[PDB]
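Quick heads-up: the structure tokens below are two forms of one chain, split into structure 1 and structure 2.
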Structure 1
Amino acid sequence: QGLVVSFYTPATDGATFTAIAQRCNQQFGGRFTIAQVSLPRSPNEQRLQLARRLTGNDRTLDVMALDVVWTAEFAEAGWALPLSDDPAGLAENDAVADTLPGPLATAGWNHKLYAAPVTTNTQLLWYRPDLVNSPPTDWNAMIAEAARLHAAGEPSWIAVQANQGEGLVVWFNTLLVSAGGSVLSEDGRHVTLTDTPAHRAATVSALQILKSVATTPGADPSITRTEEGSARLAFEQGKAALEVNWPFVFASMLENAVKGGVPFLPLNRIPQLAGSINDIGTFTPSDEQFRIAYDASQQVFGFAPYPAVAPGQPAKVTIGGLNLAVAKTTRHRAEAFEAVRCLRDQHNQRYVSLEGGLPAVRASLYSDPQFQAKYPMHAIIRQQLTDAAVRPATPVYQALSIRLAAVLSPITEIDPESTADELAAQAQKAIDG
């Protein structure tokens, strides 16, 4: 026998989360162990299996990693215990102490914390410094640069995820919040897209940018013809000189370049990098090999803040990532909340970042020299995580998102004024559920 605390996570991060689980087991003195359980790789199927297990009162479900936008759903439904339900009374303070504000904001609902952040994410600008002298600082500069490049016969696509789905919703949300707007009110009860002249201007601004990118000379046909594509691959293959995307494109760039799949960046030819591809095809460099690959990448691969909407205001970039929640189905609340605290301590935060490629939520880690070595863009991330935009927090997020995506796509057919009103009407229909 033996008491087991289940720990449900996306399969994508199964190896990483298993290792920190095993690290935590060391320090429980055999009182109990954490067992990682892999949900499907698809986020939507992860949420649907958790729901099945919660409404089915599966008593072995203890700790679960939730997407940052599932907070309201799981809290309103009584599926995620409030942190104040910890018999030890430690969960609340732990989740606040040394956690960046952006991640923390995703974990609340009705002014109460219902989960503890563990990982986060934000989008940056990635550009070709050999083709682009300075990184565009706002979206008008993005447009003008891409158009100049087209007239010069050079890579002109702006690589951004804009197909119908959550990625387009994320992009619209960033533009909207950066312009001072909001989809919903504080309680997710009212639609605030067009309720005041100022809010309508923010919505119109964001729609104009979406539409401007779609109709820029030399645009990506995945946008102009609403086709399947990939922002990451477009940049790696040399068809886009500008990209907004999560930081996983950094590791992908170096690994694929070392494998010889990046034509403008032949890291595969550098003698010092011989043997750095391990027996499963992963770029696993030493500290010096890393600094060589990153130094050589700088000639052709740069990063910068997400472009602003307004000339002077830094962008409010939609945040992603995972929060740790204790399920209402647990039989051992005390051990479950203790497990959450161990899984998100400083050493395990260092691990998920360095070995897992998942940005940590602990502010202290953005001062760690080892973290700064492997995240040279740490300072931009820290700033965008502290001043983040949050997707609308509502129990009906899934219906709201689907409805917004259907209106916004195809983005070539946006008419900012009339689309603004159609956005608000469709958001209203989701809130009426």
Structure 2
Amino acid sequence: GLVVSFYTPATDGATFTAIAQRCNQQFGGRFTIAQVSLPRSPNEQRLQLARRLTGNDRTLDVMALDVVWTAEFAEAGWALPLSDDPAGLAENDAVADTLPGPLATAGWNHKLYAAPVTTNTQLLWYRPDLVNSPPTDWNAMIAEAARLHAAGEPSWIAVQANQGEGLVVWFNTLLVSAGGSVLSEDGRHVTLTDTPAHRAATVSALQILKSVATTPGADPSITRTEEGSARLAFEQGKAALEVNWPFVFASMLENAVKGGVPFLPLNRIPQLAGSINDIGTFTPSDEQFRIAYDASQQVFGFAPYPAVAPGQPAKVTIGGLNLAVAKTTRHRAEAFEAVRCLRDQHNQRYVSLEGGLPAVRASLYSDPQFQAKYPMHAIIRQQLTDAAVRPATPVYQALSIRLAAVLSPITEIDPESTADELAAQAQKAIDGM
């Protein structure tokens, strides 16, 4: 029958292709979901969708949106409200058995405009064979990197952050962890420097960025304009401390079994031969998972994101993907039916355990069979419960571009003057209404 197109980030395309294929067996031949890839970069993801939306591409049906695009797509009319489902089932489905943090990212002006499908929060990943106890706060991270450099050990702090959205995410986490905020609750005022407490938070965050950027043994890549991968730096043994989203867990086991991780030669364990399937994905039996995870524990550990204020946890910026029905769709009923099928319990287990993307269904985090394959589950749920959020505003794309340009390169941050420049650039973004 008809085709429901399903646009997703390219890096997640294989995972969502698998989910769509499962969802296509359950539709009685009434319709088919066809996954289509978008570039890497949240901003260029959005750009491609916005061109199709303003050009009235009537073949565009369902979109996997970064959590920061809700306000823009809702206010533009590009994402239909879930109440536009002709069956009237979308809103109840979106909230049922779903964590509240993700749901907050899917709303605008008191209505839902998307159904959460994946969420995200960053953890500390470390080498337990080199780092005796994982740092609990950022001054401790700095000290550990220095101690490693002095011992001749890998000294990079690999943070998934170059000159774009990941850098804005890191800054947002530090800022909110210190008690600040980019914008006011209603999104209409810049609150980086408007009170002494807010200015103090912004300065504290900038001081941490600058300190990490200039630790002895820091990555020479910080200053340049090119793109590096924290995940790959750690897998290659260039860093013993990494701050990243939890997809690095699935990556570490898979690439180790393939032979791509020098300090974790799972490719030399006979019991793991053939645990890569014929499309290249690590798909272990229960016993193979136990063998690979036990081996990995010697060289790979995880821990909460480091705090800014010692003594209590960080407030970690939430990430993820929400499923929205485009206003261009010719088939609203089937597009909303597809959204419900894409986020069902079976496909949520799959998106976390094979795709590396945290599920949004609360039940999974209370499910011992899921917990046995997703060992980070408790820290992830804790960090999603008291999460920082990036500002929700229709001009987010312009705000993030202006913020990232001030922050980058982080070696050139000077906390007091950079704080004022940030506030002035943020103000230009929201002055564009």
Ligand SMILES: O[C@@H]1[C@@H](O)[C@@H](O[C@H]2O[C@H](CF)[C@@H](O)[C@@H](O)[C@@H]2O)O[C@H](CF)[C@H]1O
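For the two forms, the rigid core is made up of the largest set of C-alpha atoms that agree within 1.5 Å on superposition. For residue numbers, the reference is structure 1: its sequence is counted from 1.
Structure 1, rather than structure 2, originates from the form deposited without this ligand. In this comparison between the two structures, the rigid parts meet at a hinge, and the single option from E338, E73, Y366, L193 located at it is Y366. Between-form comparison between the two structures treats the chain as two rigid units and finds the smaller unit turned 16° relative to the larger, from C-alpha superpositions.
Core-aligned Cα shift between the two structures at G29: this is 8.5 Å.
Here the rigid core is superposed, and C342 then shows its C-alpha moved by 5.5 angstrom between the two structures.
Overlaying the rigid core between the two structures leaves the Cα of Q370 displaced by 1.5 angstrom.
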